[PDB]
Amino acid sequence: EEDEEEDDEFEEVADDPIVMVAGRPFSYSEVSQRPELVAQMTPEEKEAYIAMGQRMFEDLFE
Amino acid sequence: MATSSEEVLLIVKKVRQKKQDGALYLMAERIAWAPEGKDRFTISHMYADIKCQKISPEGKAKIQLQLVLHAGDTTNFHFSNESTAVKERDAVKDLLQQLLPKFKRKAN
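Here the protein sequences line up with chains E and Y, keeping their order.
Going by the UniProt record's numbering, the final residue of the first sequence carries number 439, and the count climbs one at a time with no gaps.
Going by the UniProt record's numbering, the final residue of the second sequence carries number 108, and the count climbs one at a time with no gaps.
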């Protein structure tokens, strides 16, 4: 029994949901970083983006 | 594999958990891995207890995927599928990262 695992190069992944904008699948951090995306996102997509955020927002408070 | 009939996301094989060759199963609400041909998974974590992730990018010959749970446990899946390892890791990582918020429960 040995260990070939070292952990010398790992991208700290972040739980990021997918929010579609204009029918195009973008990530949450992607949609939030692009004001044009939310500006070209439909009410449904905006509400979806907002709702998806509330899910993560409800997982804070600490 | 749950009796509740969950939406299996991705079935990865040749997934070595600490030199243990098995498969990484991303299920609807839980990520479970099992070796070779097993019915009962060896490692079962729920997207609700997972805090964040860590993954070996393209600078790694060994395709690994670390899961940082809220419990204070981090498991690194060593994918060895010479043909899909990277993509299966990236896939799992993708699905993992995207599906996390669905069950994400900050218990730490």
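Positions of the beta carbon are idealized from the N, C-alpha and C atoms, including for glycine.
With respect to the C-alpha of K87(Y), the residue from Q64(Y), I43(Y), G37(Y) having the closest C-alpha is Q64(Y). Taking a C-beta cut-off of 8 Å against chain Y, the contacting residues of the stretch 389–401 of chain E are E389, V390, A391, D392, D393, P394, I395, listed in chain order. For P101(Y), the closest C-alpha among the options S83(Y), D49(Y), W33(Y) is that of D49(Y). Taking 8 Å as the Cβ-Cβ cut-off, the stretch 10–22 of chain Y approaches chain E at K18, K19, given in chain order.
Straight across, the Cα-Cα distance linking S5(Y) with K13(Y) is about 21 Å. Of the residues assessed, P420(E) falls on the exposed side of the cut-off, its CB having fewer than 16 other CB atoms within 10 angstroms.
Proximity of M429(E) to chain Y, defined by a Cβ-Cβ separation below 8 Å, is satisfied. Bridge pairing for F403(E): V396(E) [DSSP].
Under the 8 Å Cβ criterion, the stretch 92–101 of chain Y counts as touching the stretch 20–30 of chain Y, having at least three qualifying pairs. At a C-beta separation below 9 Å, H78(Y) has these neighbours in chain E: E381, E382.
Between the stretch 404–411 of chain E and the stretch 74–89 of chain Y there are fewer than three inter-stretch CB-CB distances shorter than 8 Å, so the stretches are not counted as touching. Note on geometry: alpha-carbon atoms of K54(Y) and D90(Y) lie some 11 Å from one another. For the stretch 29–77 of chain Y, not one full-length alpha helix (DSSP H) segment reaches 4 residues or more.
Annotated three-state conformation of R105(Y) is coil, per DSSP. Annotation: the continuous alpha helix (DSSP H) that includes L414(E) extends over 412–417. Of all residues in the stretch 31–56 of chain Y, only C52, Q53, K54, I55, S56 come within less than 7 Å of chain E when Cβ atoms are compared, listed by chain position.
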